[PDB]
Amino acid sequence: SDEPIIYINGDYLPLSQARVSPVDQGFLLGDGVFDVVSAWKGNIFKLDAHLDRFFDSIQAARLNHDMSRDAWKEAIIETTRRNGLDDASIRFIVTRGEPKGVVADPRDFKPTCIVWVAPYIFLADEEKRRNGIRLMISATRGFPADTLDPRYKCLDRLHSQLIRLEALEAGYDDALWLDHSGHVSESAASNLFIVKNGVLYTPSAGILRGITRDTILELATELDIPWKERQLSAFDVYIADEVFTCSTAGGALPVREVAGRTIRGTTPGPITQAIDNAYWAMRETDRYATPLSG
């Protein structure tokens, strides 16, 4: 309409009316998980895959609760419909909620359940989408798997907010981080791909397993582009034939420079373009489409 409409605990409310309690454990302790699915031209894309991953994060965090997957699916679709946006970024969130008493046991909780729908967003302006972004490598490393596993898509992102501040101060568009073995992982919003001698490579470990990343591997196979999940160092990225990131926010995004090394060739390169064009062509098929109308 005017104000965004929020789904929150079963109610649809204008954002200015929707309320998280100041003692919600999602707020005080970061005790929640989330996922983000997108709509393009009236169709939500890979809603089932994103719900699968959401419920994976829920299982690992012991956030299992009574709201069915079907009810979550209905809430996602209906919240999008009520915001009237055909192109949208759709975030769904569950937290451990407000304390039952001062006797807090994370196995005994009433969840906070939210859907927030905003306009579709890219991660760079149109010029940088066409000519490529500049990335740096952060001084901050990714979380080890035995701390807060990167596989979680969760509320605990102060780490990457401070990386963002670092990137902006250094004059870069974004920053990738390494794992503690010095191999390139991902960025806060995106997974990383490189191309070398006609082969597509992407980090294997220490990452959130993006749905866009999954889709790019699927498209590569369909396009007869060989691909490999493997450990990559920054060196691999600097010498690559092509570099791009990918995210639900904008799909594939070409990279023209990493840490002062201009990627050789023209950016975007030919495999980057082929994958990008195939991604957006797939999204006008009925493959993985959930219509907001139908």
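Residue positions are given as counts along the sequence shown, with the first one as 1.
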Item to complete: Give the stretch, out of 224-232 and 239-247, with the larger mean C-alpha temperature factor in the deposited entry.
Response: 224-232
Worksheet item: On average, which has the higher Cα B-factor in the deposited entry, 44-52 or 66-74?
Response: 66-74
Worksheet entry | Selection by C-alpha B-factor (highest) of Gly265, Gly32, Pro254, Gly260 | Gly265
Fill in: Residue, from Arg141, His159, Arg130, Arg96, that the PDB entry assigns the highest Cα B-factor
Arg130
Item to complete: Taking the chain's C-alpha temperature factors as the reference, tell me which third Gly101 falls into: lowest, middle or highest.
Response: highest
Fill in: Record-listed C-alpha B factor of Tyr120: chain third
highest
Worksheet entry | Chain-wide C-alpha B factor ranking for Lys110, given as lowest, middle or highest third | middle
Worksheet entry | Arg164 CA temperature factor, ranked by third within the chain | middle
Worksheet item: Within this chain, which third does the Cα B-factor at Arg81 fall in: lowest, middle or highest?
Response: highest
